[PDB]
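Below is one structure, written out as structure tokens, with a few remarks after it.
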Amino acid sequence: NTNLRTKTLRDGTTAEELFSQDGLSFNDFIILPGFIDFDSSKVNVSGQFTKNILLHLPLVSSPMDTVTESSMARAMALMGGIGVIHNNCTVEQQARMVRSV
Amino acid sequence: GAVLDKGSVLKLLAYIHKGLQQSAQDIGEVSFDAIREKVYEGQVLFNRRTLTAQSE
Amino acid sequence: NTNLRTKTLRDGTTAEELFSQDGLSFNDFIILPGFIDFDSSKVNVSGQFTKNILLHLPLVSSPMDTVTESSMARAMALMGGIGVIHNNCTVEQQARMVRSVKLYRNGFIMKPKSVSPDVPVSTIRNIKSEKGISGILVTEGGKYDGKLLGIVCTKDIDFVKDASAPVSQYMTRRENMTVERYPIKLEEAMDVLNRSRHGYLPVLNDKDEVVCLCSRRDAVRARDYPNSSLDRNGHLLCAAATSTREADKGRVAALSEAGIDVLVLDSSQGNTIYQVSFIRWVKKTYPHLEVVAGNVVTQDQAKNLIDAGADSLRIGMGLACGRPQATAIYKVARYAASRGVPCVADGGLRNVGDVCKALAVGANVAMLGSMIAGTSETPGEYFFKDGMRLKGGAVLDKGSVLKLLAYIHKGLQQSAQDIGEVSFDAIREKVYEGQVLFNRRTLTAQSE
Amino acid sequence: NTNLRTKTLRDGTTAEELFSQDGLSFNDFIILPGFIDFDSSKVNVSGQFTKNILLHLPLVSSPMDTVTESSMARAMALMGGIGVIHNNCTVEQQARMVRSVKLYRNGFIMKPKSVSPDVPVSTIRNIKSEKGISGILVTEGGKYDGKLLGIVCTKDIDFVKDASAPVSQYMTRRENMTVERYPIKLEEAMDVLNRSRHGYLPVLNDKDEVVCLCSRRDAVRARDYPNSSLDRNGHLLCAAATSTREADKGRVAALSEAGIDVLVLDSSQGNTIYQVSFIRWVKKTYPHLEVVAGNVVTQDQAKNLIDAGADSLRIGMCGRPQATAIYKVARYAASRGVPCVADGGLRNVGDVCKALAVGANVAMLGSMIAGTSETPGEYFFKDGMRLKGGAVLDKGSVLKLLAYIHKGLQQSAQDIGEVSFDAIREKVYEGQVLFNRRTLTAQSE
Ligand SMILES: Nc1ncnc2c1ncn2[C@@H]1O[C@H](COP(=O)(O)OP(=O)(O)OP(=O)(O)O)[C@@H](O)[C@H]1O
Ligand SMILES: Nc1ncnc2c1ncn2[C@@H]1O[C@H](COP(=O)(O)OP(=O)(O)OP(=O)(O)O)[C@@H](O)[C@H]1O
Ligand SMILES: Nc1nc2c(ncn2[C@@H]2O[C@H](COP(=O)(O)O)[C@@H](O)[C@H]2O)c(=O)[nH]1
Ligand SMILES: Nc1nc2c(ncn2[C@@H]2O[C@H](COP(=O)(O)O)[C@@H](O)[C@H]2O)c(=O)[nH]1
């Protein structure tokens, strides 16, 4: 299907051009649609958290004392993402939370 | 310093997950690795919206 | 007057230049005035719905379950536009609605509604409430092509109290009826029916069997609505929507039998292998049907669907705030125009100003959704709340769509007059030519 | 079911007690529920407009030029209410409007619209477009009582291309017409008409001159609108407004001759010598007319106008609170056999019900029906809204709206536990229908 998927007319702004001026918000632009020959269930959303770690789910929980402790970090990793235990606590507390995950 | 209950994060993650897939489907690539690549390649394209185009 | 009309100074932005940057809304710009040497009444607002269909009125009703069913589709076609029957219903229901639009206006009525003499008066009173017709023929066996016994009309049964009485008791019987013999020209049949001062004229063969029927209503409809959108057979035009699943192949056949003229593909993004496969299949299997592909918003999408053989394209949305409709329409319509394919503007039309802009920047016709919801001819039940009359997720009553269409119509003419061209075909041409010019408005210029 | 319907515990406030203090709006109280042993459809909402006129539908269209000209008055009367032709117009205009209402529905149409054979089709199309009538008779010299030559109907001229042609060519000639001979009882002529499958039946004298006419349309309107408000001649009822100046004595004569059944006095405050005098004059001069005095808001005003010979009173018009005003004035006037019209403060069906329950026989609608199809003015568009022209939204046909208010009153009466509003009014005074005042906190949901 490469003939149908690849653009020749290329009607739209390229990213290099889009960001070549003002500082933009996400609201300042939209992504133009392409060509579909597959069910959305087959889409691979994975991404590299780090050079050697690939998250199946490109989601990381923020390291805030109101969001990520042992319980959240567990949930994130189970779903394919990861958690970052906040550092607003004693060294003993934070390590206790890591062991717990 | 108070926020609404949003249920289990497990349900919320699966909702985000399903949302990413529908969006990447709209763009027309079967992975975000490919979307990133083709953004740089100039095959995935954008449109800047005017401010009044953003109000509708 | 060409010397006075054609611009040399050309003070204003060209369209190619206007849309060369940001994605624009219709509000982001205005069309600069031209030169006027004609009354607005003479303006030709027509546009191509598809390659072979030209709408006198560049208006299409949206295929939503809240806007277009049989009643609306009738109204649109009568005024010179067209309707697209929504696809949120069984195949049987949707086809029932198509037949209902096609057979509303006839030349010769081929399968006239018939009943037997046994049938009670009550039954005929139900037919005028449901189908909306009279002049029901009473034939042998109820067969629509049986021996003609009589005819039932309004003044025959309005005074009757016992609704159980057979029709034979109150019908006008064959001996007293004025009929005609087949074959006869339609031109003559209607002159006979007119001079006859009756509302109906059966046409029979040698054995007094019913061949067809003429209605005087189809004479006045031809008179009160001289711009109606008709097919070769004098029947109103009717489009219908459909998805592009394999299952929907069966739905297309049904609609084809019911006699739609245009197939509108229903998709929020039509640049799919499915839609492409589907279009190819329709054109191969049903060559007589024109197909409106979509929705699309880019030239790249548009290329694929025109390749597959689309006769038209829907531009717009209908996740997800997408490509600004003004830009989308300009870009796609221009591309498609080169491939000889017209475009339908489908989204972002809040008022008449917007519709005019959408047609000037390249759309041949505009699809109306919200702008006509709440009119008499839309599906829904009327009700009251807080002294307001509503329809049903509830909208205000807007009277008959027929009045509203004529208001849009008059509005397009005044606008095209301001621009200074006697047709929207010419405005589109001269937009591309760089003779009709625009001005982008600043945001504060838009606040006054 | 008396042992169930009659209250002995009597948990609630009587009206006499409820209105014994400060002036109440309709929102200040509610009517406590009763006992139900009947379907709502069986409820009789009728009320006395004047002493001798009982409206099936206790609703009157206001005499405002925004609301009631000829078209509205018809619609009201057909549904069982009545219209009051406004007076912001010439005497000539106002009587012309009255005639349109009276001569709309007939039994026998006297003075049929008739034309000469020389007249072009163009004229028949204009009579059809303006006055809305068809079945135009063709007679000698166009005299409504001339020798009958033919009849012109829609199917005779809808197909004609040359609008200047004389009706003679396309009319149905007297030779081919089904007629009848005078005298003939109406109910028999209407039977011939139904049997003939025609839309019109002229009745002639011995010399083939037109005495009167029968319209099949009038037979459908008796079938479709069985509760139409009619006089003793089968015409729709019609009221018209007038002020009480000397100048207006002329106006009353014109309106009386046009055929009004009820005169409605237009005054911001009716307790004036001018109205007292005027009422006496109308009664000495035109005793066949019922008069509606007002507006008034106190018993003291009511006495003077009732003394003068009023047959009804407008209650309303910043001022005295309307719920109190209706109660205080209506109770007094009831004791003297005079019914009252509620004219003010009616924003919804709920208000209407309360107004009628606390003593008004009929209500006068103004704003609540402004913007309906039948009100004067033209429609126009703006901002995706349909409007009339100071502007109001399209409310559709008033006929649908009136049926809504009707069913609304029936539902309300059912909750209160009585099968008629006469009953409710009676039992309010008797203390068997009870209310409850509401705190301002209890009003805010
Ligand atoms: N072809 C015909 N020949 C003779 N009489 C007819 C014919 N068609 C209808 N009629 C009679 O004419 C009378 C009604 O006339 P007409 O058909 O003009 O009424 P109409 O208002 O057009 O009916 P509808 O409103 O139901 O269409 C009836 O008695 C009917 O039987
Ligand atoms: N009294 C009559 N005798 C004979 N023919 C009549 C009579 N009245 C009307 N007609 C004829 O009937 C035809 C018109 O149809 P009809 O009378 O059934 O009602 P109509 O045309 O629907 O009435 P309207 O003009 O109010 O619409 C014409 O040909 C007319 O000449
Ligand atoms: N007798 C009669 N039949 C009509 C008229 N108009 C349409 N028809 C026919 O009535 C049929 C519609 O009824 P259905 O088939 O839906 O029961 C179609 O065959 C249509 O052509 C009319 O005015 N009179
Ligand atoms: N021919 C005819 N006359 C009517 C009909 N209905 C009312 N009229 C009469 O037409 C006349 C109209 O009065 P005008 O408006 O001309 O003063 C009145 O005499 C009225 O009674 C109708 O259906 N046909």
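Note on naming: chains are A, B, ... as they come in the structure tokens, residues start from 1 per chain, ligands start from 1 in the order shown.
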Every residue of stretch 232-443 of chain D that DSSP places in strand (DSSP E), as an mmCIF file with N, CA and C atoms, in the first residue's frame:
data_model
loop_
_atom_site.group_PDB
_atom_site.id
_atom_site.type_symbol
_atom_site.label_atom_id
_atom_site.label_comp_id
_atom_site.auth_asym_id
_atom_site.auth_seq_id
_atom_site.Cartn_x
_atom_site.Cartn_y
_atom_site.Cartn_z
ATOM 1 N N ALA D 239 -64.856 39.607 20.091
ATOM 2 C CA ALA D 239 -64.836 40.817 20.903
ATOM 3 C C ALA D 239 -63.923 41.848 20.268
ATOM 4 N N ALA D 240 -64.127 43.103 20.634
ATOM 5 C CA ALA D 240 -63.285 44.182 20.148
ATOM 6 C C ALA D 240 -63.114 45.212 21.245
ATOM 7 N N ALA D 241 -61.967 45.872 21.228
ATOM 8 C CA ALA D 241 -61.624 46.829 22.255
ATOM 9 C C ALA D 241 -62.012 48.240 21.830
ATOM 10 N N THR D 242 -62.304 49.083 22.816
ATOM 11 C CA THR D 242 -62.535 50.507 22.591
ATOM 12 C C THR D 242 -62.177 51.277 23.851
ATOM 13 N N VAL D 262 -69.168 41.103 22.127
ATOM 14 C CA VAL D 262 -68.661 41.629 23.384
ATOM 15 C C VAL D 262 -67.768 42.829 23.152
ATOM 16 N N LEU D 263 -68.025 43.885 23.911
ATOM 17 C CA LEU D 263 -67.206 45.084 23.886
ATOM 18 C C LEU D 263 -66.278 45.075 25.087
ATOM 19 N N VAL D 264 -64.998 45.336 24.856
ATOM 20 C CA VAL D 264 -64.002 45.338 25.922
ATOM 21 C C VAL D 264 -63.398 46.720 26.075
ATOM 22 N N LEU D 265 -63.584 47.325 27.238
ATOM 23 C CA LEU D 265 -63.098 48.678 27.453
ATOM 24 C C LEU D 265 -61.599 48.679 27.749
ATOM 25 N N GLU D 290 -72.638 42.774 25.503
ATOM 26 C CA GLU D 290 -71.999 42.594 26.797
ATOM 27 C C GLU D 290 -70.804 43.542 26.891
ATOM 28 N N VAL D 291 -70.564 44.098 28.070
ATOM 29 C CA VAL D 291 -69.432 44.993 28.259
ATOM 30 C C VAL D 291 -68.458 44.444 29.288
ATOM 31 N N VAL D 292 -67.174 44.607 29.000
ATOM 32 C CA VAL D 292 -66.119 44.257 29.933
ATOM 33 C C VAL D 292 -65.459 45.535 30.419
ATOM 34 N N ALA D 293 -65.680 45.871 31.683
ATOM 35 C CA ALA D 293 -65.103 47.073 32.263
ATOM 36 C C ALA D 293 -63.707 46.780 32.784
ATOM 37 N N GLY D 294 -62.943 47.832 33.055
ATOM 38 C CA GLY D 294 -61.627 47.681 33.642
ATOM 39 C C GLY D 294 -60.630 48.593 32.966
ATOM 40 N N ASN D 295 -59.347 48.442 33.289
ATOM 41 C CA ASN D 295 -58.894 47.467 34.278
ATOM 42 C C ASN D 295 -59.098 47.943 35.714
ATOM 43 N N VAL D 296 -59.299 46.988 36.621
ATOM 44 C CA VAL D 296 -59.405 47.279 38.049
ATOM 45 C C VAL D 296 -58.557 46.311 38.856
ATOM 46 N N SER D 312 -68.648 42.029 33.041
ATOM 47 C CA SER D 312 -67.392 41.347 33.316
ATOM 48 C C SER D 312 -66.339 42.390 33.660
ATOM 49 N N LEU D 313 -65.218 41.953 34.232
ATOM 50 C CA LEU D 313 -64.163 42.873 34.669
ATOM 51 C C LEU D 313 -62.775 42.378 34.300
ATOM 52 N N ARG D 314 -61.940 43.280 33.804
ATOM 53 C CA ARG D 314 -60.532 42.975 33.605
ATOM 54 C C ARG D 314 -59.786 43.282 34.876
ATOM 55 N N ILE D 315 -59.053 42.295 35.374
ATOM 56 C CA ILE D 315 -58.227 42.469 36.555
ATOM 57 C C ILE D 315 -56.761 42.495 36.160
ATOM 58 N N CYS D 340 -64.841 37.558 36.187
ATOM 59 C CA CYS D 340 -63.666 38.384 35.933
ATOM 60 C C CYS D 340 -62.664 37.727 34.994
ATOM 61 N N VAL D 341 -62.000 38.569 34.213
ATOM 62 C CA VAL D 341 -60.911 38.154 33.349
ATOM 63 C C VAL D 341 -59.598 38.480 34.038
ATOM 64 N N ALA D 342 -58.693 37.510 34.091
ATOM 65 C CA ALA D 342 -57.349 37.753 34.605
ATOM 66 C C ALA D 342 -56.503 38.329 33.485
ATOM 67 N N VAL D 362 -61.984 33.343 33.304
ATOM 68 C CA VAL D 362 -61.178 33.205 32.105
ATOM 69 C C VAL D 362 -59.904 34.008 32.260
ATOM 70 N N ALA D 363 -58.883 33.617 31.509
ATOM 71 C CA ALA D 363 -57.618 34.338 31.494
ATOM 72 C C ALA D 363 -57.425 35.027 30.157
ATOM 73 N N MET D 364 -56.717 36.144 30.185
ATOM 74 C CA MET D 364 -56.376 36.861 28.972
ATOM 75 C C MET D 364 -54.892 36.666 28.683
ATOM 76 N N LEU D 365 -54.610 36.036 27.544
ATOM 77 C CA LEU D 365 -53.246 35.783 27.099
ATOM 78 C C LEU D 365 -52.755 36.881 26.165
ATOM 79 N N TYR D 379 -42.736 37.452 9.533
ATOM 80 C CA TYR D 379 -41.584 36.731 10.052
ATOM 81 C C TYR D 379 -40.296 37.206 9.388
ATOM 82 N N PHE D 380 -39.179 37.083 10.099
ATOM 83 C CA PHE D 380 -37.867 37.371 9.524
ATOM 84 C C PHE D 380 -36.796 36.556 10.246
ATOM 85 N N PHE D 381 -35.624 36.440 9.627
ATOM 86 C CA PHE D 381 -34.535 35.647 10.189
ATOM 87 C C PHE D 381 -33.403 36.519 10.729
ATOM 88 N N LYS D 382 -32.735 36.012 11.760
ATOM 89 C CA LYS D 382 -31.560 36.661 12.332
ATOM 90 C C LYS D 382 -30.865 35.690 13.284
ATOM 91 N N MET D 385 -32.378 32.317 13.895
ATOM 92 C CA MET D 385 -33.645 32.304 14.614
ATOM 93 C C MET D 385 -34.741 32.864 13.726
ATOM 94 N N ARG D 386 -35.948 32.320 13.860
ATOM 95 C CA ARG D 386 -37.114 32.865 13.179
ATOM 96 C C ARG D 386 -37.838 33.771 14.167
ATOM 97 N N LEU D 387 -38.217 34.964 13.718
ATOM 98 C CA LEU D 387 -38.756 35.990 14.608
ATOM 99 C C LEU D 387 -39.898 36.762 13.952
ATOM 100 N N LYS D 388 -40.723 37.429 14.765
ATOM 101 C CA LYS D 388 -41.782 38.311 14.255
ATOM 102 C C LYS D 388 -41.546 39.777 14.622
ATOM 103 N N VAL D 392 -39.961 38.767 18.939
ATOM 104 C CA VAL D 392 -40.194 37.542 19.699
ATOM 105 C C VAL D 392 -40.054 36.315 18.803
ATOM 106 N N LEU D 393 -39.768 35.169 19.413
ATOM 107 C CA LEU D 393 -39.525 33.940 18.667
ATOM 108 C C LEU D 393 -40.786 33.338 18.062
ATOM 109 N N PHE D 435 -54.349 25.811 50.089
ATOM 110 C CA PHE D 435 -53.096 26.295 49.555
ATOM 111 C C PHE D 435 -52.016 26.206 50.603
ATOM 112 N N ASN D 436 -50.822 26.594 50.195
ATOM 113 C CA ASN D 436 -49.691 26.696 51.092
ATOM 114 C C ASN D 436 -48.798 27.790 50.578
ATOM 115 N N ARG D 437 -48.582 28.799 51.406
ATOM 116 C CA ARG D 437 -47.635 29.837 51.066
ATOM 117 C C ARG D 437 -46.240 29.245 51.104
#
Using only C-alpha atoms and all ligand atoms, which residues of chain D come within 8 Å of ligand 4, and what is the closest atom pair for each, with the distance in Å to one decimal? Give it as a Markdown table, sorted by chain and residue number.
| residue | atom | partner | partner_atom_place_in_ligand_line | distance |
| --- | --- | --- | --- | --- |
| D:96 | CA | ligand 4 | 17 (O) | 7.7 |
| D:99 | CA | ligand 4 | 17 (O) | 7.6 |
| D:100 | CA | ligand 4 | 15 (O) | 6.9 |
| D:103 | CA | ligand 4 | 21 (O) | 4.7 |
| D:104 | CA | ligand 4 | 7 (C) | 5.6 |
| D:105 | CA | ligand 4 | 6 (N) | 7.2 |
| D:106 | CA | ligand 4 | 7 (C) | 7.5 |
| D:109 | CA | ligand 4 | 21 (O) | 5.1 |
| D:110 | CA | ligand 4 | 21 (O) | 5.7 |
| D:111 | CA | ligand 4 | 19 (O) | 4.0 |
| D:112 | CA | ligand 4 | 3 (N) | 4.0 |
| D:113 | CA | ligand 4 | 10 (O) | 4.1 |
| D:114 | CA | ligand 4 | 1 (N) | 6.1 |
| D:131 | CA | ligand 4 | 15 (O) | 6.3 |
| D:133 | CA | ligand 4 | 23 (O) | 4.9 |
| D:134 | CA | ligand 4 | 24 (N) | 5.3 |
| D:135 | CA | ligand 4 | 24 (N) | 4.9 |
| D:136 | CA | ligand 4 | 1 (N) | 4.1 |
| D:137 | CA | ligand 4 | 1 (N) | 5.6 |
| D:200 | CA | ligand 4 | 23 (O) | 7.7 |
| D:213 | CA | ligand 4 | 2 (C) | 7.2 |
| D:214 | CA | ligand 4 | 23 (O) | 7.7 |
| D:215 | CA | ligand 4 | 23 (O) | 5.5 |
| D:217 | CA | ligand 4 | 23 (O) | 7.3 |
Within 9 Å of ligand 3, counting only C-alpha atoms and all ligand atoms, which protein or nucleic acid residues do you find, written as number ranges by chain? C: 96, 99-100, 102-106, 108-114, 127, 131-137, 144, 151-152, 200, 213-218
Could you list, as a PyMOL selection string, all protein and nucleic acid residues with an atom at most 10 Å from ligand 2, counting only C-alpha atoms and all ligand atoms? (chain C and resi 153-156+194-199) or (chain D and resi 128+132-137+150-158+170-180+193+196-203+213-217)
Can I get the selection written as a short mmCIF file (atom, residue, chain, number, x, y, z; two decimals), in the first residue's frame, with N, CA and C atoms?
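See selection-v7.cif below for the written result:
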data_model
loop_
_atom_site.label_atom_id
_atom_site.label_comp_id
_atom_site.auth_asym_id
_atom_site.auth_seq_id
_atom_site.Cartn_x
_atom_site.Cartn_y
_atom_site.Cartn_z
N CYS C 153 -61.71 9.68 -3.21
CA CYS C 153 -61.05 10.96 -2.94
C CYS C 153 -61.57 11.54 -1.62
N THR C 154 -61.19 12.78 -1.32
CA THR C 154 -61.49 13.38 -0.02
C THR C 154 -62.97 13.63 0.17
N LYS C 155 -63.60 14.26 -0.82
CA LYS C 155 -65.00 14.66 -0.69
C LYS C 155 -65.94 13.46 -0.74
N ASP C 156 -65.39 12.28 -1.02
CA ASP C 156 -66.16 11.05 -1.06
C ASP C 156 -66.43 10.46 0.32
N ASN C 194 -56.36 18.67 -16.73
CA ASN C 194 -56.58 20.08 -16.39
C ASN C 194 -57.97 20.56 -16.81
N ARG C 195 -58.31 20.36 -18.08
CA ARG C 195 -59.61 20.79 -18.60
C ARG C 195 -60.74 19.97 -17.99
N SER C 196 -60.38 18.85 -17.37
CA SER C 196 -61.34 17.94 -16.74
C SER C 196 -61.82 18.44 -15.38
N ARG C 197 -61.08 19.37 -14.78
CA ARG C 197 -61.43 19.95 -13.49
C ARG C 197 -61.47 18.91 -12.36
N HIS C 198 -60.90 17.73 -12.62
CA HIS C 198 -60.77 16.70 -11.60
C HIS C 198 -59.33 16.63 -11.12
N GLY C 199 -59.10 15.90 -10.03
CA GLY C 199 -57.79 15.83 -9.42
C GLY C 199 -56.96 14.66 -9.90
N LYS D 128 -58.75 34.97 -3.72
CA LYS D 128 -58.28 33.73 -3.11
C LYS D 128 -57.06 33.97 -2.23
N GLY D 132 -58.98 34.77 1.24
CA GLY D 132 -58.77 33.35 1.51
C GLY D 132 -59.94 32.45 1.14
N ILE D 133 -60.93 33.02 0.46
CA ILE D 133 -62.12 32.28 0.06
C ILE D 133 -62.06 31.86 -1.40
N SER D 134 -62.78 30.79 -1.73
CA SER D 134 -62.94 30.36 -3.11
C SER D 134 -64.43 30.14 -3.37
N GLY D 135 -64.74 29.39 -4.42
CA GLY D 135 -66.12 29.14 -4.79
C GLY D 135 -66.85 30.42 -5.15
N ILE D 136 -66.16 31.32 -5.84
CA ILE D 136 -66.72 32.62 -6.18
C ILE D 136 -67.85 32.47 -7.20
N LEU D 137 -69.00 33.05 -6.88
CA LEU D 137 -70.16 32.96 -7.75
C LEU D 137 -70.08 33.97 -8.88
N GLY D 150 -72.61 31.05 -13.09
CA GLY D 150 -71.62 30.02 -12.85
C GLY D 150 -70.88 30.15 -11.53
N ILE D 151 -69.84 29.34 -11.37
CA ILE D 151 -69.03 29.32 -10.15
C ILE D 151 -67.56 29.08 -10.52
N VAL D 152 -66.66 29.81 -9.87
CA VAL D 152 -65.23 29.66 -10.12
C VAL D 152 -64.54 29.06 -8.89
N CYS D 153 -63.78 28.00 -9.11
CA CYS D 153 -63.05 27.33 -8.04
C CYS D 153 -61.59 27.12 -8.43
N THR D 154 -60.79 26.60 -7.51
CA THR D 154 -59.35 26.48 -7.73
C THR D 154 -59.01 25.63 -8.96
N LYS D 155 -59.77 24.55 -9.18
CA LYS D 155 -59.46 23.64 -10.28
C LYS D 155 -59.96 24.17 -11.62
N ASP D 156 -60.64 25.31 -11.59
CA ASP D 156 -61.14 25.93 -12.81
C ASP D 156 -60.10 26.85 -13.44
N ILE D 157 -59.18 27.36 -12.62
CA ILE D 157 -58.27 28.41 -13.06
C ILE D 157 -56.81 28.21 -12.65
N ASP D 158 -56.49 27.09 -12.01
CA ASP D 158 -55.12 26.86 -11.59
C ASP D 158 -54.22 26.59 -12.79
N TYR D 170 -63.66 29.67 -18.38
CA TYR D 170 -63.16 28.61 -17.51
C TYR D 170 -64.12 28.29 -16.35
N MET D 171 -65.16 29.10 -16.18
CA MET D 171 -66.12 28.86 -15.11
C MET D 171 -67.01 27.67 -15.45
N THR D 172 -67.63 27.09 -14.43
CA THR D 172 -68.65 26.08 -14.61
C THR D 172 -70.00 26.77 -14.76
N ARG D 173 -70.69 26.48 -15.86
CA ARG D 173 -71.90 27.20 -16.21
C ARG D 173 -73.09 26.74 -15.36
N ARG D 174 -74.05 27.64 -15.18
CA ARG D 174 -75.23 27.38 -14.36
C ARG D 174 -76.00 26.13 -14.80
N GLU D 175 -75.88 25.78 -16.07
CA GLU D 175 -76.57 24.61 -16.62
C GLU D 175 -76.07 23.32 -15.98
N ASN D 176 -74.78 23.28 -15.65
CA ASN D 176 -74.14 22.05 -15.17
C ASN D 176 -73.98 22.00 -13.66
N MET D 177 -74.62 22.94 -12.95
CA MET D 177 -74.43 23.07 -11.51
C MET D 177 -75.54 22.41 -10.70
N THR D 178 -75.14 21.78 -9.59
CA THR D 178 -76.07 21.28 -8.59
C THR D 178 -76.48 22.41 -7.65
N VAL D 179 -77.75 22.80 -7.69
CA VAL D 179 -78.24 23.88 -6.85
C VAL D 179 -79.41 23.40 -5.99
N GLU D 180 -80.00 24.33 -5.24
CA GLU D 180 -81.22 24.05 -4.49
C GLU D 180 -82.12 25.28 -4.50
N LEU D 193 -75.14 18.76 -0.26
CA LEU D 193 -73.77 19.16 -0.56
C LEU D 193 -72.79 18.00 -0.38
N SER D 196 -73.26 15.44 -3.14
CA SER D 196 -72.91 15.89 -4.48
C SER D 196 -71.41 15.84 -4.76
N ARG D 197 -70.63 15.65 -3.70
CA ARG D 197 -69.17 15.60 -3.78
C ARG D 197 -68.59 16.92 -4.29
N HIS D 198 -69.30 18.01 -4.04
CA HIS D 198 -68.85 19.35 -4.42
C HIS D 198 -68.54 20.19 -3.20
N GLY D 199 -67.76 21.25 -3.41
CA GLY D 199 -67.30 22.09 -2.32
C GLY D 199 -68.23 23.24 -2.00
N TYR D 200 -69.19 23.49 -2.88
CA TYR D 200 -70.13 24.60 -2.70
C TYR D 200 -71.52 24.25 -3.22
N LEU D 201 -72.55 24.81 -2.59
CA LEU D 201 -73.94 24.61 -3.02
C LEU D 201 -74.72 25.92 -2.93
N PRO D 202 -74.93 26.59 -4.07
CA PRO D 202 -75.76 27.79 -4.04
C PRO D 202 -77.24 27.47 -3.88
N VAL D 203 -77.96 28.33 -3.17
CA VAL D 203 -79.41 28.21 -3.02
C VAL D 203 -80.06 29.39 -3.73
N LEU D 213 -75.53 30.78 0.09
CA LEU D 213 -74.58 29.77 -0.37
C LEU D 213 -74.22 28.82 0.77
N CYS D 214 -73.81 27.60 0.41
CA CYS D 214 -73.29 26.64 1.37
C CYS D 214 -71.87 26.25 0.99
N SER D 215 -70.97 26.27 1.96
CA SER D 215 -69.58 25.88 1.74
C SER D 215 -69.29 24.56 2.45
N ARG D 216 -68.72 23.61 1.71
CA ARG D 216 -68.34 22.34 2.30
C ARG D 216 -67.27 22.55 3.37
N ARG D 217 -66.50 23.62 3.23
CA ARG D 217 -65.47 23.95 4.21
C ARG D 217 -66.08 24.16 5.60
#
Which residues are near residue B:24? Cut-off 12 Å, only C-alpha atoms, ignore same chain within fewer than 5 positions. Put them as number ranges by chain. A: 31-36, 38-46; B: 17-19, 29-36, 44; C: 319
Among stretch 125-323 of chain D, which ones does DSSP assign to alpha helix (DSSP H) (computed from the backbone)? Answer as JSON, numbers by chain. {"D": [125, 126, 127, 128, 129, 130, 154, 155, 156, 157, 186, 187, 188, 189, 190, 191, 192, 193, 194, 195, 196, 216, 217, 218, 219, 220, 221, 222, 223, 224, 248, 249, 250, 251, 252, 253, 254, 255, 256, 257, 258, 273, 274, 275, 276, 277, 278, 279, 280, 281, 282, 283, 284, 285, 299, 300, 301, 302, 303, 304, 305, 306, 307, 308, 322, 323]}
Please list as number ranges by chain every residue within 9 Å of residue D:182, counting only C-alpha atoms and excluding residues in the same chain fewer than 6 positions away. D: 203-206, 211-212
Given the selection you just returned, output its residues as a file containing N, CA and C atoms, formatted as a compact mmCIF listing (two decimals), in the first residue's frame.
# COMPACT_ATOMS: atom_id res chain seq x y z
N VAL D 203 -77.96 28.33 -3.17
CA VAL D 203 -79.41 28.21 -3.02
C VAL D 203 -80.06 29.39 -3.73
N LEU D 204 -81.01 29.09 -4.60
CA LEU D 204 -81.60 30.09 -5.49
C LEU D 204 -83.08 30.31 -5.22
N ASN D 205 -83.58 31.48 -5.64
CA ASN D 205 -85.01 31.74 -5.66
C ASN D 205 -85.61 31.20 -6.96
N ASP D 206 -86.85 31.59 -7.25
CA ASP D 206 -87.55 31.08 -8.43
C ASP D 206 -86.94 31.59 -9.74
N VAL D 211 -79.81 33.54 -3.38
CA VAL D 211 -80.27 33.91 -2.04
C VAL D 211 -79.14 33.75 -1.03
N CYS D 212 -78.60 32.54 -0.93
CA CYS D 212 -77.44 32.28 -0.08
C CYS D 212 -76.57 31.16 -0.65
Give me the residues near residue B:10 as a ChimeraX atom specification, where near means some atom within 10 Å (using only C-alpha atoms) and where sequence neighbours in that chain fewer than 4 positions away do not count. /A:72,75-76,78-79 /B:14-15
Contacts of stretch 340-346 of chain C at 7 Å (only C-alpha atoms; same-chain gap of 3+ positions) as a ChimeraX atom specification: /C:48-51,311-318,329,333,336-337,358,363-367
So which one's closest to chain A, B:7, B:16, B:23, B:49? Using only C-alpha atoms, please. B:49
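Our summary of the geometry notes that atom CA of residue C:14 is positioned 5.1 Å from atom CA of residue C:437.
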Would you mind listing what lies within 12 Å of residue C:444 as a list in words, with only C-alpha atoms counted and same-chain residues fewer than 3 positions away left out? residues 51 and 52 of chain B; 27, 28, 440, 441, 447 and 448 of chain C
